[PDB]
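Participant: Got a structure for you, written out below as structure tokens; questions coming shortly.
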Amino acid sequence: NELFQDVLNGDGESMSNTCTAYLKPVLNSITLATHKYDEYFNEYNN
Amino acid sequence: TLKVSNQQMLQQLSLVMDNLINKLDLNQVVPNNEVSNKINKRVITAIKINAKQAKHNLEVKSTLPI
Amino acid sequence: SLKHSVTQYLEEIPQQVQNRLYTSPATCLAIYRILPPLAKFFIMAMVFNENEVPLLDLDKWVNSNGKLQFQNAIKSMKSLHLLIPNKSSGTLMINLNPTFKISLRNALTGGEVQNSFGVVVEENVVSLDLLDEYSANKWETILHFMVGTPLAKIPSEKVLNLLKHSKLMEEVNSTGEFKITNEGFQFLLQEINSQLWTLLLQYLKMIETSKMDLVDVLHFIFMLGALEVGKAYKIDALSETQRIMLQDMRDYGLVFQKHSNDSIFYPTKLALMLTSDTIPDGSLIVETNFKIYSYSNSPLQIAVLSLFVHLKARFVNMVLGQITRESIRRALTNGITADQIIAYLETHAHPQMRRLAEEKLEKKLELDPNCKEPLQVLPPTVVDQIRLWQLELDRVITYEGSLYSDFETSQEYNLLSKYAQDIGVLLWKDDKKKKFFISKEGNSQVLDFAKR
Amino acid sequence: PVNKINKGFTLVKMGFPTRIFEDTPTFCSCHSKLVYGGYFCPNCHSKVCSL
Amino acid sequence: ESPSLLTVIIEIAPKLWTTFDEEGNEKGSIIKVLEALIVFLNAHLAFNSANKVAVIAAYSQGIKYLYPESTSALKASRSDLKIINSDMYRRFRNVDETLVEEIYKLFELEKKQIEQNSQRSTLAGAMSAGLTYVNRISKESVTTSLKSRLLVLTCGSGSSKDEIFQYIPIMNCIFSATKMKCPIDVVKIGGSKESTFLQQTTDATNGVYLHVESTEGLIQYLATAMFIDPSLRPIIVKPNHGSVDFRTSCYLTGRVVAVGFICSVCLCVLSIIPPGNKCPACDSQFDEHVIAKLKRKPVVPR
Ligand SMILES: [Zn+2]
Ligand SMILES: [Zn+2]
Ligand SMILES: [Zn+2]
């Protein structure tokens with residue numbers, strides 16, 4: 001997210017969409033991994 | 001995630017018999033200039049989807065600076 | 001080649017003649033097979049829908065790596081007037097030719113065809129032993145006359161007039177004998193389908209009389225292309241122009257007829273090679289001592305070798321011939337280039353020549369893989385000797401015209417020389433010698449410029 | 001042909017990825033290069049180049 | 001450029017077509033699809049002078065070649081029936097007459113023993129026979145550099161579900177076609193929108209999949225989408241919509257498989273650990289330790 005906002009205020013959003021699309025699969029995959037971790041964490045807490 | 005009887009089986013088979021005997025008019029295949037519009041629209045939309053997918057399918061060039 | 005020649009000839013046909021040409025379904029069927037495969041695909045996708053079709057849809061049909069073939073197909077379509085482009089609502093609208101579409105749909109689905117494929121009368125003769133024999137007899141007769149071997153039977157005066165009036169097969173009346181040109185021997189190189197097509201296109205070029213209808217002749221040619229060998233067809237479905245050009249084809253050997261003015265006619269195999277095609281005879285061996293051993297018993301392949309090979313002896317298998325200097329000079333005085341001879345020697349090379357060349361190339365590539373060499377199937381010594389004899393025939397090149405000199409002023413000579421350079425007839429200029437040369441066709445312009 | 005004495009008959013956990021379709025190049029997870037196509041992993045949703 | 005062999009695999013199942021007729025408003029759609037196929041074959045033979053046509057019918061009790069006729073049938077025969085008009089092109093007329101005569105013979109055979117009902121669909125066997133015929137014509141090489149293309153005309157009609165016994169033969173046909181560079185084009189005429197095995201057949205063998213619901217106007221579909229000649233395959237994009245996931249079904253549950261477990265011996269696909277720690281299709285006793293490792297829950301601190 002820091003890289004995305006850095007290219008946002010560096011190149012003015014006409015180009016940051018390409019940067020976001022370049023790193024979209026890895027961001028979605030690590031989001032999925034953190035979601036799985038949080039789901040199992042909340043399962044083992046209760 | 002409607003099974004058919006043998007009587008109407010034989011009736012449909014005999015219908016195909018008489019329809020093949022009396023006349024197989026091959027000129028009947030021509031569409032009525034209205035269903036052909038829908039068929040062409042469906043095929044061209046499928047082609048547009050596939051071609052937009054397969055327009056662009058060593059790594060590729062990037063618009064980003066190095 | 002073959003498809004390019006008929007495509008160019010049908011291109012030369014005017015549009016209103018082409019629309020009349022699309023009436024018979026057989027002509028449309030034969031014309032359709034000449035088109036490129038992308039063009040054939042687009043036509044057949046566009047026949048069955050009656051509504052007009054955008055060009056951008058056809059552009060979206062074609063992949064990005066075949067757009068040049070799409071442009072070639074559209075150019076061939078538009079130039080042959082199979083498409084009527086339409087400009088309505090700002091879109092390059094494409095409509096198929098209605099006569100062509102109707103005739104092709106009737107040809108496929110079956111229906112009204114006005115006997116464009118003829119009518120079979122079910123009485124037949126043997127094809128290989130009679131029809132193929134008659135076609136081969138007439139074809140060997142005309143080819144044997146044309147190559148210049150003595151003949152007890154010569155072909156009729158119609159094909160003699162056509163050959164004399166052709167670009168090929170020249171004749172001089174001062175000696176009284178008939179000569180092969182460069183195109184005469186060039187005619188021998190291609191296989192007989194495009195040989196027949198070149199003869200038929202020359203005949204089509206020369207049917208300008210009022211007794212000949214061009215569209216009827218083209219319909220008959222494509223109709224004979226559509227027929228099947230070994231079955232008679234009734235003559236009553238034809239026109240009288242079509243009947244007498246059927247008689248002329250029977251003279252040419254395309255079609256067999258049992259008797260003149262008969263009601264039936266039997267198409268031969270040459271009718272079906274007219275559409276498309278489908279050790280061998282004529283296979284030859286060349287050695288470094290210029291000896292030729294050509295495994296052929298057909299008199300035509302022996303006769304075509306007599307144009308440039310001094311034959312010495314003949315067996316049933318081959319003729320023992322030798323490529324001598326005077327035989328090649330005999331070929332070169334008839335206009336036959338060295339490249340045509342070398343191409344003929346290559347195309348009839350023995351399989352043993354092929355495998356020896358392959359072995360030599362295999363040994364060459366493993367020794368020096370940096371450089372790649374072409375497959376020299378026949379020895380380079382005989383090829384170099386043929387080209388040397390070609391060069392020694394052409395030690396001098398002659399141009400007739402006029403040379404203008406004795407100019408007291410440099411500026412007038414310079415102005416005349418640059419005027420001759422502008423009109424593209426000058427062959428020499430030089431200010432040191434004050435002389436400039438022009439061609440005989442270019443004499444008139446410079447002379448009227450000098451007079452005025 | 002394996003021997004009868006071999007008793008290593010084990011289930012192999014594996015996934016069947018779906019062929020992702022995208023006109024925008026994205027970084028693959030196996031070689032870190034821009035790839036148009038790919039196969040998103042059915043377990044962790046990381047795209048791969050080849051299968 | 002180069003001629004091609006068009007091997008048509010039409011699945012004329014009387015039960016499937018009767019169910020399709022009952023689902024639709026019209027009756028006798030076999031006649032419509034047959035005449036559309038005949039016009040399409042005439043178009044293919046009009047594409048090039050030297051191209052050939054093969055037609056194999058997958059009926060209820062086996063397969064039968066429709067064009068050309070059997071050599072024993074050719075030697076025994078000729079009662080030229082008048083189904084097709086005799087004034088058309090003879091090259092088309094012979095093919096059309098042979099096809100309709102063999103259709104009548106096969107339908108008389110179907111009427112003769114319609115009391116016997118078989119649950120074994122023979123589409124895959126007809127596809128294998130068409131591939132063998134393609135191999136025969138290519139290896140014979142009477143016409144040099146002869147291409148090939150399989151067209152599969154099938155009907156689902158919303159009555160027959162997906163059949164699991166066809167999976168391995170369809171995959172074998174896929175690999176044979178991919179080895180021989182022969183595209184397999186599939187036209188499905190039925191209520192079921194997706195046929196996963198045939199979609200995988202079209203996708204893997206560089207074919208075109210086309211699902212339609214009305215037999216009317218089918219010749220437009222055939223002459224537009226199915227007329228991709230093998231010579232012009234790379235320069236023409238394919239309208240095959242509905243990309244298949246290339247997955248498979250679980251052995252004991254039947255659902256389409258996610259991340260799953262396969263047997264190391266017989267490669268049967270299981271979406272869950274089988275009961276009894278034994279392979280269902282393979283009868284191999286799995287080790288309890290390795291499947292306990294697979295059953296292990298992931299870790300997280302409290
Ligand atoms: Zn990668
Ligand atoms: Zn993963
Ligand atoms: Zn197993």
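Chain labels run A, B, ... following the order of the structure tokens; each chain numbers its residues from 1, and ligands are numbered from 1 in the order shown.
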Could you report the residues within 10 Å of ligand 1, using only C-alpha atoms and all ligand atoms, as a list in words?

Facilitator: residues 59 of chain B; 26, 27, 28, 29, 30, 31, 32, 33, 34, 35, 38, 47, 48, 49 and 50 of chain D

Participant: Throw together the list of residues within 7 Å of ligand 2, counting only C-alpha atoms and all ligand atoms, and drop it here as an MDAnalysis selection string.

Facilitator: chainID D and resid 41:46

Participant: Return as CSV the residues of chain B lying at most 8 Å from chain C, together with the closest atom-to-atom pair for each and the distance in Å to one decimal, counting only C-alpha atoms, with rows in chain order and ascending residue number.

Facilitator:
```
residue,atom,partner,partner_atom,distance
B:26,CA,C:109,CA,5.2
B:27,CA,C:109,CA,5.5
B:30,CA,C:48,CA,6.2
B:31,CA,C:49,CA,7.0
B:33,CA,C:50,CA,5.7
B:36,CA,C:49,CA,6.0
B:37,CA,C:51,CA,7.4
B:44,CA,C:57,CA,6.7
B:47,CA,C:61,CA,6.8
B:48,CA,C:60,CA,6.8
B:51,CA,C:60,CA,7.3
B:55,CA,C:64,CA,7.1
```

Participant: Write the selection just made, keeping N, CA, C and O atoms, as a PDB file, in the first residue's frame?

Facilitator:
```pdb
ATOM      1  N   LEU B  26     -33.162 -29.606 -49.440  1.00  0.00           N
ATOM      2  CA  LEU B  26     -31.980 -29.027 -48.819  1.00  0.00           C
ATOM      3  C   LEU B  26     -32.014 -27.506 -48.810  1.00  0.00           C
ATOM      4  O   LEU B  26     -31.211 -26.891 -48.104  1.00  0.00           O
ATOM      5  N   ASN B  27     -32.922 -26.890 -49.568  1.00  0.00           N
ATOM      6  CA  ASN B  27     -33.050 -25.440 -49.579  1.00  0.00           C
ATOM      7  C   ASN B  27     -33.701 -24.895 -48.315  1.00  0.00           C
ATOM      8  O   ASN B  27     -33.705 -23.676 -48.118  1.00  0.00           O
ATOM      9  N   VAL B  30     -31.817 -22.532 -45.227  1.00  0.00           N
ATOM     10  CA  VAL B  30     -31.557 -21.088 -45.241  1.00  0.00           C
ATOM     11  C   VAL B  30     -32.346 -20.418 -44.121  1.00  0.00           C
ATOM     12  O   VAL B  30     -33.567 -20.628 -44.014  1.00  0.00           O
ATOM     13  N   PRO B  31     -31.702 -19.635 -43.260  1.00  0.00           N
ATOM     14  CA  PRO B  31     -32.438 -18.903 -42.226  1.00  0.00           C
ATOM     15  C   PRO B  31     -33.303 -17.807 -42.827  1.00  0.00           C
ATOM     16  O   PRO B  31     -33.136 -17.400 -43.979  1.00  0.00           O
ATOM     17  N   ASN B  33     -33.496 -14.653 -42.356  1.00  0.00           N
ATOM     18  CA  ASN B  33     -32.876 -13.328 -42.305  1.00  0.00           C
ATOM     19  C   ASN B  33     -33.116 -12.600 -40.985  1.00  0.00           C
ATOM     20  O   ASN B  33     -32.761 -11.423 -40.858  1.00  0.00           O
ATOM     21  N   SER B  36     -30.697 -15.374 -38.386  1.00  0.00           N
ATOM     22  CA  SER B  36     -29.308 -15.237 -38.807  1.00  0.00           C
ATOM     23  C   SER B  36     -28.659 -14.004 -38.197  1.00  0.00           C
ATOM     24  O   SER B  36     -27.462 -14.028 -37.896  1.00  0.00           O
ATOM     25  N   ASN B  37     -29.430 -12.931 -37.997  1.00  0.00           N
ATOM     26  CA  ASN B  37     -28.914 -11.750 -37.312  1.00  0.00           C
ATOM     27  C   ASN B  37     -28.485 -12.088 -35.891  1.00  0.00           C
ATOM     28  O   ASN B  37     -27.396 -11.706 -35.450  1.00  0.00           O
ATOM     29  N   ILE B  44     -20.156 -13.186 -33.327  1.00  0.00           N
ATOM     30  CA  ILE B  44     -19.238 -12.050 -33.320  1.00  0.00           C
ATOM     31  C   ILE B  44     -18.931 -11.598 -31.894  1.00  0.00           C
ATOM     32  O   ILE B  44     -17.801 -11.201 -31.598  1.00  0.00           O
ATOM     33  N   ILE B  47     -16.422 -14.064 -30.640  1.00  0.00           N
ATOM     34  CA  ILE B  47     -15.146 -13.771 -31.281  1.00  0.00           C
ATOM     35  C   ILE B  47     -14.499 -12.543 -30.661  1.00  0.00           C
ATOM     36  O   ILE B  47     -13.283 -12.507 -30.461  1.00  0.00           O
ATOM     37  N   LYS B  48     -15.295 -11.519 -30.350  1.00  0.00           N
ATOM     38  CA  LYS B  48     -14.758 -10.317 -29.723  1.00  0.00           C
ATOM     39  C   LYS B  48     -14.185 -10.626 -28.350  1.00  0.00           C
ATOM     40  O   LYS B  48     -13.100 -10.145 -28.004  1.00  0.00           O
ATOM     41  N   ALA B  51     -10.949 -12.739 -28.956  1.00  0.00           N
ATOM     42  CA  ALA B  51      -9.884 -11.974 -29.590  1.00  0.00           C
ATOM     43  C   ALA B  51      -9.339 -10.907 -28.656  1.00  0.00           C
ATOM     44  O   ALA B  51      -8.135 -10.636 -28.661  1.00  0.00           O
ATOM     45  N   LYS B  55      -5.657 -11.177 -27.942  1.00  0.00           N
ATOM     46  CA  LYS B  55      -4.898 -10.132 -28.625  1.00  0.00           C
ATOM     47  C   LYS B  55      -3.452 -10.121 -28.156  1.00  0.00           C
ATOM     48  O   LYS B  55      -2.528  -9.949 -28.960  1.00  0.00           O
TER      49      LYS B  55
END
```

Participant: Can you list, as a PyMOL selection string, every residue of chain B that DSSP puts in alpha helix (DSSP H)?

Facilitator: chain B and resi 6-22+35-54

Participant: Could you take the residues named above and write them with N, CA and C atoms, as a CSV table (one decimal), in the first residue's frame?

Facilitator:
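For reference, selection03.csv as written:
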```csv
chain,number,residue,atom,x,y,z
B,6,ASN,N,-41.8,-46.2,-25.7
B,6,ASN,CA,-41.4,-46.8,-26.9
B,6,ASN,C,-42.5,-46.5,-28.0
B,7,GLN,N,-43.7,-46.2,-27.6
B,7,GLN,CA,-44.7,-45.9,-28.6
B,7,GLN,C,-44.4,-44.6,-29.4
B,8,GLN,N,-44.1,-43.5,-28.6
B,8,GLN,CA,-43.7,-42.2,-29.2
B,8,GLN,C,-42.3,-42.3,-29.8
B,9,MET,N,-41.5,-43.2,-29.3
B,9,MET,CA,-40.2,-43.6,-30.0
B,9,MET,C,-40.4,-44.0,-31.4
B,10,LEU,N,-41.3,-45.0,-31.6
B,10,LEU,CA,-41.6,-45.5,-32.9
B,10,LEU,C,-42.3,-44.5,-33.7
B,11,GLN,N,-43.2,-43.7,-33.1
B,11,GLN,CA,-43.9,-42.6,-33.9
B,11,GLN,C,-42.9,-41.6,-34.4
B,12,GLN,N,-41.9,-41.2,-33.6
B,12,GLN,CA,-40.9,-40.2,-34.0
B,12,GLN,C,-40.0,-40.8,-35.1
B,13,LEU,N,-39.6,-42.1,-34.9
B,13,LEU,CA,-38.8,-42.8,-35.9
B,13,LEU,C,-39.5,-42.9,-37.3
B,14,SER,N,-40.8,-43.2,-37.2
B,14,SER,CA,-41.6,-43.3,-38.5
B,14,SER,C,-41.8,-41.9,-39.1
B,15,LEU,N,-41.9,-40.9,-38.2
B,15,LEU,CA,-42.0,-39.5,-38.7
B,15,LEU,C,-40.7,-39.2,-39.5
B,16,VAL,N,-39.6,-39.5,-39.0
B,16,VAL,CA,-38.3,-39.3,-39.7
B,16,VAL,C,-38.3,-40.2,-41.0
B,17,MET,N,-38.8,-41.4,-40.9
B,17,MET,CA,-38.9,-42.2,-42.1
B,17,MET,C,-39.7,-41.5,-43.2
B,18,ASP,N,-40.9,-41.0,-42.9
B,18,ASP,CA,-41.7,-40.4,-44.0
B,18,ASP,C,-41.1,-39.1,-44.4
B,19,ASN,N,-40.5,-38.3,-43.5
B,19,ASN,CA,-39.9,-37.0,-43.8
B,19,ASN,C,-38.7,-37.2,-44.7
B,20,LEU,N,-38.0,-38.4,-44.6
B,20,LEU,CA,-36.9,-38.6,-45.4
B,20,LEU,C,-37.3,-39.2,-46.8
B,21,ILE,N,-38.5,-39.9,-46.8
B,21,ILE,CA,-39.0,-40.4,-48.1
B,21,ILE,C,-39.5,-39.3,-49.0
B,22,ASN,N,-40.5,-38.5,-48.4
B,22,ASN,CA,-41.3,-37.7,-49.3
B,22,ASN,C,-40.5,-36.6,-50.0
B,35,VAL,N,-33.3,-14.8,-37.6
B,35,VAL,CA,-32.5,-15.7,-36.7
B,35,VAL,C,-31.0,-15.6,-37.1
B,36,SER,N,-30.7,-15.4,-38.4
B,36,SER,CA,-29.3,-15.2,-38.8
B,36,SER,C,-28.7,-14.0,-38.2
B,37,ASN,N,-29.4,-12.9,-38.0
B,37,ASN,CA,-28.9,-11.8,-37.3
B,37,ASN,C,-28.5,-12.1,-35.9
B,38,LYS,N,-29.3,-12.8,-35.2
B,38,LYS,CA,-29.0,-13.2,-33.8
B,38,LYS,C,-27.8,-14.2,-33.7
B,39,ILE,N,-27.8,-15.1,-34.7
B,39,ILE,CA,-26.6,-16.1,-34.7
B,39,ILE,C,-25.3,-15.3,-35.0
B,40,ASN,N,-25.3,-14.4,-36.0
B,40,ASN,CA,-24.1,-13.6,-36.3
B,40,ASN,C,-23.8,-12.7,-35.1
B,41,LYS,N,-24.7,-12.2,-34.4
B,41,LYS,CA,-24.4,-11.4,-33.2
B,41,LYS,C,-23.8,-12.2,-32.1
B,42,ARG,N,-24.3,-13.4,-31.9
B,42,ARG,CA,-23.7,-14.3,-30.9
B,42,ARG,C,-22.3,-14.7,-31.2
B,43,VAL,N,-22.1,-15.1,-32.5
B,43,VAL,CA,-20.8,-15.5,-32.9
B,43,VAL,C,-19.8,-14.4,-32.9
B,44,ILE,N,-20.2,-13.2,-33.3
B,44,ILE,CA,-19.2,-12.0,-33.3
B,44,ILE,C,-18.9,-11.6,-31.9
B,45,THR,N,-19.9,-11.7,-31.0
B,45,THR,CA,-19.6,-11.3,-29.6
B,45,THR,C,-18.6,-12.4,-29.0
B,46,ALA,N,-18.8,-13.6,-29.3
B,46,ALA,CA,-17.9,-14.7,-28.8
B,46,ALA,C,-16.5,-14.4,-29.4
B,47,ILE,N,-16.4,-14.1,-30.6
B,47,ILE,CA,-15.1,-13.8,-31.3
B,47,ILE,C,-14.5,-12.5,-30.7
B,48,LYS,N,-15.3,-11.5,-30.3
B,48,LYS,CA,-14.8,-10.3,-29.7
B,48,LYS,C,-14.2,-10.6,-28.3
B,49,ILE,N,-14.9,-11.5,-27.6
B,49,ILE,CA,-14.4,-11.9,-26.3
B,49,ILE,C,-13.1,-12.6,-26.4
B,50,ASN,N,-13.0,-13.6,-27.3
B,50,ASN,CA,-11.9,-14.5,-27.5
B,50,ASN,C,-10.7,-13.7,-28.0
B,51,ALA,N,-10.9,-12.7,-29.0
B,51,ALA,CA,-9.9,-12.0,-29.6
B,51,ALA,C,-9.3,-10.9,-28.7
B,52,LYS,N,-10.2,-10.3,-27.9
B,52,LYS,CA,-9.7,-9.4,-26.8
B,52,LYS,C,-8.9,-10.1,-25.8
B,53,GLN,N,-9.3,-11.4,-25.5
B,53,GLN,CA,-8.5,-12.2,-24.6
B,53,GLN,C,-7.2,-12.6,-25.3
B,54,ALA,N,-7.2,-13.0,-26.6
B,54,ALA,CA,-6.0,-13.5,-27.3
B,54,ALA,C,-5.3,-12.5,-28.1
```

Participant: Return as a PyMOL selection string every polymer residue, whether protein, DNA or RNA, with at least one atom no more than 9 Å from an atom of ligand 3; count only C-alpha atoms and all ligand atoms.

Facilitator: (chain D and resi 9+11) or (chain E and resi 262-268+278-285)

Participant: Given the selection you just returned, output its residues as a file containing N, CA and C atoms, formatted as a short mmCIF file (atom, residue, chain, number, x, y, z; two decimals), in the first residue's frame.

Facilitator:
```
data_model
loop_
_atom_site.label_atom_id
_atom_site.label_comp_id
_atom_site.auth_asym_id
_atom_site.auth_seq_id
_atom_site.Cartn_x
_atom_site.Cartn_y
_atom_site.Cartn_z
N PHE D 9 2.10 -46.58 -0.58
CA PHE D 9 0.85 -46.15 -1.21
C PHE D 9 0.29 -45.00 -0.37
N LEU D 11 -1.71 -41.06 -0.31
CA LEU D 11 -2.47 -40.03 -1.01
C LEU D 11 -1.58 -38.81 -1.25
N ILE E 262 -5.14 -37.56 -4.60
CA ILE E 262 -5.21 -38.63 -5.59
C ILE E 262 -4.42 -39.82 -5.07
N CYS E 263 -4.83 -41.00 -5.51
CA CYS E 263 -4.10 -42.21 -5.19
C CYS E 263 -2.79 -42.23 -5.97
N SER E 264 -1.71 -42.64 -5.30
CA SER E 264 -0.42 -42.71 -5.96
C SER E 264 -0.30 -43.89 -6.90
N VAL E 265 -1.25 -44.82 -6.87
CA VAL E 265 -1.17 -46.02 -7.69
C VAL E 265 -2.05 -45.87 -8.93
N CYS E 266 -3.36 -45.72 -8.72
CA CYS E 266 -4.32 -45.71 -9.81
C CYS E 266 -4.79 -44.32 -10.20
N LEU E 267 -4.28 -43.28 -9.53
CA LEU E 267 -4.53 -41.87 -9.87
C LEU E 267 -6.01 -41.50 -9.83
N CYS E 268 -6.80 -42.20 -9.01
CA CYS E 268 -8.19 -41.81 -8.84
C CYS E 268 -8.27 -40.56 -7.98
N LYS E 278 -8.51 -46.85 2.74
CA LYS E 278 -8.27 -47.69 1.58
C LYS E 278 -8.75 -46.98 0.32
N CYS E 279 -8.01 -47.16 -0.76
CA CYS E 279 -8.36 -46.54 -2.03
C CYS E 279 -9.62 -47.18 -2.59
N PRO E 280 -10.63 -46.39 -2.98
CA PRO E 280 -11.88 -46.98 -3.46
C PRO E 280 -11.76 -47.67 -4.81
N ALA E 281 -11.16 -47.00 -5.80
CA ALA E 281 -11.01 -47.58 -7.12
C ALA E 281 -9.86 -48.57 -7.19
N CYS E 282 -8.91 -48.48 -6.26
CA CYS E 282 -7.63 -49.15 -6.37
C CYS E 282 -7.43 -50.25 -5.34
N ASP E 283 -8.14 -50.19 -4.21
CA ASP E 283 -8.04 -51.16 -3.11
C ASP E 283 -6.61 -51.26 -2.58
N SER E 284 -5.95 -50.11 -2.46
CA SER E 284 -4.63 -50.02 -1.85
C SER E 284 -4.77 -49.42 -0.46
N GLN E 285 -4.24 -50.12 0.54
CA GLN E 285 -4.35 -49.66 1.92
C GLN E 285 -3.37 -48.52 2.14
#
```

Participant: Taking only chain D into account, list the residues labelled strand (DSSP E or B) by DSSP (computed from the backbone), as a list in words.

Facilitator: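 Those in chain D that DSSP calls strand (DSSP E or B) are residues 11, 12, 13, 14, 18, 19, 26, 27, 34, 35, 39, 40, 47 and 48 of chain D.
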
Participant: Write a file of the selected residues as a tab-separated table (two decimals), in the first residue's frame, keeping N, CA and C atoms.

Facilitator:
```tsv
chain	number	residue	atom	x	y	z
D	11	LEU	N	-1.71	-41.06	-0.31
D	11	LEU	CA	-2.47	-40.03	-1.01
D	11	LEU	C	-1.58	-38.81	-1.25
D	12	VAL	N	-1.71	-38.23	-2.43
D	12	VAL	CA	-0.93	-37.06	-2.82
D	12	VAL	C	-1.87	-35.87	-2.85
D	13	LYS	N	-1.66	-34.93	-1.94
D	13	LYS	CA	-2.47	-33.72	-1.93
D	13	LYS	C	-2.04	-32.81	-3.06
D	14	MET	N	-2.98	-32.44	-3.93
D	14	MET	CA	-2.65	-31.66	-5.10
D	14	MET	C	-3.86	-30.85	-5.53
D	18	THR	N	-7.23	-23.10	-12.12
D	18	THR	CA	-8.04	-22.59	-13.20
D	18	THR	C	-7.21	-21.65	-14.05
D	19	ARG	N	-7.28	-21.82	-15.37
D	19	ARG	CA	-6.49	-21.00	-16.29
D	19	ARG	C	-7.01	-19.57	-16.26
D	26	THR	N	0.92	-9.54	-15.37
D	26	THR	CA	1.06	-9.59	-13.93
D	26	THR	C	2.30	-10.40	-13.58
D	27	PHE	N	2.83	-10.15	-12.39
D	27	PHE	CA	4.00	-10.88	-11.93
D	27	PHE	C	3.63	-12.32	-11.58
D	34	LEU	N	6.74	-10.60	-15.78
D	34	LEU	CA	5.42	-10.21	-16.25
D	34	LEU	C	4.90	-11.25	-17.23
D	35	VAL	N	3.75	-11.85	-16.91
D	35	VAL	CA	3.14	-12.88	-17.74
D	35	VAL	C	1.68	-12.51	-17.97
D	39	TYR	N	-1.98	-19.58	-14.26
D	39	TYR	CA	-2.90	-20.48	-13.57
D	39	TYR	C	-2.90	-20.10	-12.10
D	40	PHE	N	-4.02	-19.57	-11.61
D	40	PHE	CA	-4.12	-19.22	-10.20
D	40	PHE	C	-4.22	-20.47	-9.35
D	47	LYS	N	-0.35	-17.17	-8.93
D	47	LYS	CA	-0.30	-17.60	-10.31
D	47	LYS	C	1.03	-18.26	-10.64
D	48	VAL	N	0.98	-19.21	-11.57
D	48	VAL	CA	2.16	-19.93	-12.03
D	48	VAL	C	2.26	-19.78	-13.54
```

Participant: List the neighbours of segment 161-177 of chain E out to 7 Å using only C-alpha atoms; skip same-chain residues closer than 6 positions along the sequence, and give me the result as JSON, numbers by chain.

Facilitator: {"E": [124, 127, 128, 183, 197, 201, 204, 205]}

Participant: Against chain A, which residues of chain E fall within 12 Å? For each one I want the closest pair of atoms and the distance in Å (one decimal), counting only C-alpha atoms, rows by chain and increasing residue number, as JSON lines.

Facilitator:
```
{"residue": "E:297", "atom": "CA", "partner": "A:40", "partner_atom": "CA", "distance": 9.3}
{"residue": "E:298", "atom": "CA", "partner": "A:40", "partner_atom": "CA", "distance": 7.8}
{"residue": "E:299", "atom": "CA", "partner": "A:40", "partner_atom": "CA", "distance": 7.9}
{"residue": "E:300", "atom": "CA", "partner": "A:41", "partner_atom": "CA", "distance": 5.8}
{"residue": "E:301", "atom": "CA", "partner": "A:41", "partner_atom": "CA", "distance": 7.1}
{"residue": "E:302", "atom": "CA", "partner": "A:45", "partner_atom": "CA", "distance": 5.8}
```

Participant: For the residues in that selection, give me C-alpha atoms as a JSON list (two decimals), in the first residue's frame.

Facilitator:
```
[["chain", "number", "residue", "atom", "x", "y", "z"],
["E", 297, "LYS", "CA", -4.97, -28.95, 11.15],
["E", 298, "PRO", "CA", -2.93, -25.79, 10.50],
["E", 299, "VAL", "CA", -1.26, -24.00, 13.39],
["E", 300, "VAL", "CA", -1.95, -20.65, 15.07],
["E", 301, "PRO", "CA", -1.09, -19.30, 18.55],
["E", 302, "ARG", "CA", -3.91, -18.75, 21.02]]
```

Participant: Could the residues of chain E within 10 Å of chain C, counting only C-alpha atoms, be given as a PyMOL selection string, please?

Facilitator: chain E and resi 1-2+35-36+38-50+84-93+142-144+217+219-229+231-239

Participant: Suppose you want the space between atom CA of residue 78 of chain C and atom CA of residue 15 of chain C; what is it in Å?

Facilitator: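 Separating atom CA of residue 78 of chain C from atom CA of residue 15 of chain C is a distance of 11.0 Å.
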
Participant: Taking 4 positions as the minimum chain separation for residues in the same chain, which residues sit within 8 Å of segment 148-160 of chain E when counting only C-alpha atoms? Answer as a VMD selection string.

Facilitator: (chain B and resid 2 to 3) or (chain E and resid 4 to 12 16 to 17 19 to 20 23 127 130 to 131 134 181 to 192 226 229 to 230)
